[PDB]
Amino acid sequence: XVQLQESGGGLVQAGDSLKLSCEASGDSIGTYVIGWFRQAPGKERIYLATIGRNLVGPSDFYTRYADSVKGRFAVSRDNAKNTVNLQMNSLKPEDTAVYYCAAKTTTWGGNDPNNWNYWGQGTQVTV
Ligand SMILES: Nc1nc(N)nc(Nc2cc(S(=O)(=O)O)cc3cc(S(=O)(=O)O)c(/N=N/c4ccccc4S(=O)(=O)O)c(O)c23)n1
């Protein structure tokens with residue numbers, strides 16, 4: 001079990017970038033696959049990206065992005081600081097929503113929010 005907390009959100013100007021952070025407590029974030037989601041008022045949480053626990057090469061961790069943000073958002077992992085980040089670029093009014101980070105240990109089902117075990121409270125992002 002791990003507790004997650006997002007930070008770095010808030011009012012942002014369209015065209016600019018924003019770096020969101022997800023900090024873990026109670027356990028090592030390195031033991032969990034971390035995912036990012038976003039939710040518009042009244043809608044469901046939609047999958048954004050995944051960063052795996054392990055590598056796919058000498059330096060890179062496994063990563064995956066929804067087509068909606070592939071190439072525009074970048075997920076990264078900093079286990080030493082028990083944190084995982086999400087660099088969001090060229091933000092626009094369409095990106096306004098509460099962003100969440102979640103965790104699980106499985107290697108499948110990232111798209112469905114119901115497959116994730118723990119969630120942060122979320123951070124509002126307004127552009
Ligand atoms: N090293 C390695 N090599 C290959 N081929 N694949 C992996 N996959 C993976 C390794 C690890 S890890 O812990 O070692 O880092 C985590 C993973 C987490 C998820 S997710 O469901 O949470 O998004 C995942 N989903 N994929 C998909 C989900 C939906 C559609 C397509 C994929 S795909 O397999 O990438 O193509 C993985 O495959 C993972 N890892």
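Every number for a ligand or one of its atoms is a count from 1 in the order of the listing. We use all heavy atoms of the structure for the numbers below, so side chains are in, but hydrogens, waters and symmetry mates are not. We count residues from 1, following the sequence as given.
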Below 4.0 angstrom from a heavy atom of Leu55, which ligand 1 atoms are there? Numbered from 1 as shown, please. 1 (N)
List ligand 1 atoms under 4.0 Å from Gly52, heavy atoms only on the residue side. 15 (O)
If the cut-off is 4.0 Å to any non-hydrogen atom of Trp108, which atoms of ligand 1 fall inside it? 21 (O)
If you look at every heavy atom in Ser76 and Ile51, which pair is closest and at what distance? C-CD1, 3.4 Å
To which of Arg64, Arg53, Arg77 does the heavy atom nearest atom 12 (S) of ligand 1 belong? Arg53
Quick test of your reading of the model: are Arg72 and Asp67 salt-bridged, counting only N-O distances below 4.0 Å? no
To the nearest 0.5 Å, how far apart are OG1 in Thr83 and CD1 in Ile29? 8.0 Å
Under-4.0 Å heavy-atom contact between protein and atom 5 (N) of ligand 1: no
Test your reading of the structure: does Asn54 have an N or O sitting under 3.5 Å from an N or O of ligand 1? yes
Return the closest protein heavy atom for atom 19 (C) of ligand 1 as residue, atom name and distance. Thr107 O, 3.6 Å
Testing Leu86, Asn89, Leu20 one by one against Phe73 for a side-chain contact (heavy atoms from CB on, under 4.5 Å), which residue passes? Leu86
Protein heavy atom under 4.0 angstrom of atom 35 (O) of ligand 1, is there one? yes
If you count heavy atoms of other groups shown closer than 6.0 angstrom to CD of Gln13, is the number above 12? no
Go through ligand 1 atom by atom and flag the ones less than 4.0 Å from a non-hydrogen atom of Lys104. 20 (S), 21 (O), 22 (O)
Considering non-hydrogen atoms only, spot the tightest contact between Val125 and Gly9 and give its length. CG2-CA, 4.1 Å
Identify which of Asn115, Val56, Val33 has a heavy atom lying nearest to atom 2 (C) of ligand 1. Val56
Report the member of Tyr32, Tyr47, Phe61, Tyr62 with the shortest heavy-atom distance to atom 39 (C) of ligand 1. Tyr62
Please tell me whether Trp119 and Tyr99 are part of a single hydrophobic cluster in this structure, the criterion being side-chain heavy atoms less than 4.5 Å apart. no
Counting only heavy atoms not in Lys81, do more than 12 sit closer than 6.0 Å to its NZ atom? no
Residue and atom name of the nearest protein heavy atom (relative to atom 21 (O) of ligand 1), distance in Å to one decimal: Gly110 N, 2.8 Å
